[PDB]
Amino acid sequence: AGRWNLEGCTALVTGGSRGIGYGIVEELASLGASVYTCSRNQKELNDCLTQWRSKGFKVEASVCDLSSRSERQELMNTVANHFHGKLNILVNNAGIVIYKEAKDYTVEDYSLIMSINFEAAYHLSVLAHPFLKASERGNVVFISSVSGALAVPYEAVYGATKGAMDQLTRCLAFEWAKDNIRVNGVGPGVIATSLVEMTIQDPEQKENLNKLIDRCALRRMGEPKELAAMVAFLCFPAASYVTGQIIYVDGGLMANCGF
């Protein structure tokens, strides 16, 4: 791969059937990477494959329920074989939200969000490690959230899963440095995705989202490609001195207090 592209790089992006994950798959592939993705719907994935391949992108995808430990192991096995045991990039993007106040969460809600948002990202990273190392130039990017550092209504537990992810990001940057793997996190602010489309369905959640956008310096939602651009950069050989960082792509939301 050249200084500003990913020509010849292999990548695995979790949850790439829509939203941010979809934009990340497009960005990485358009920059020359060979991409592999997953989601829980085969039909959806196949329609994504048809669009991507129509653009000349090298992409492959298979169904995987990241909430399942055995399914994750199966996914990594499949990917390793598909890439010949060499994986340059791992983007832990899949995630879900359960809008409830902390005390209204059930054991099932908690277990589900924790397994998909944090455990899956942690598990998959460890599973990918030998292939990232074998690649000799590995990159692990976690997709966090501003909600992992600051209070947002109905995101106490969702925020906790991201807070755990952020700390894991910092530590892995040090534990895997000798393996030539850089590890960073990208925290999106409000990005127009299906998750957001379903959110504004609720009038209260719609109003809560409007607050966020207004606390943005740019006062507008970001686009998946605006988030994907940062993820792509961190993978470029050009970003070789960047590691252990959690970068926010939020239109200035994190820098705000009274605006």
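Start at 1 and count along the sequence shown; that's the residue number.
Compared with other deposited structures of the same protein, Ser70 does not meet the criterion of being unmodelled in at least one third, since all of those that resolve residues on both sides include it. Modelled in this chain, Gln201 is likewise built in all the other compared entries whose models extend past it on both sides, so a third of them omitting it does not occur.
Looking at mean Cα B-factors across 163-171 and 101-109, the upper value is held by 101-109.
Between the stretches 204-212 and 46-54, it is 204-212 that shows the larger average CA temperature factor. Comparing C-alpha B-factors across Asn180, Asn92, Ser115, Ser144 in the deposited entry, the largest value falls on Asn180. In this structure the maximum Cα B-factor among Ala156, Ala121, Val186, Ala134 is found at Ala134. When all modelled residues of the chain are sorted by CA temperature factor, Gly252 is found within the lowest third. Among the modelled residues of the chain, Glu27 sits in the middle third by CA temperature factor in this PDB entry.
Per-chain ranking of the deposited C-alpha B factor places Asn88 in the middle third. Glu226 sits in the lowest third of its chain by CA B factor, as recorded in the PDB entry. In this PDB entry, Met198 carries a Cα temperature factor that places it within the highest third of its chain's modelled residues.
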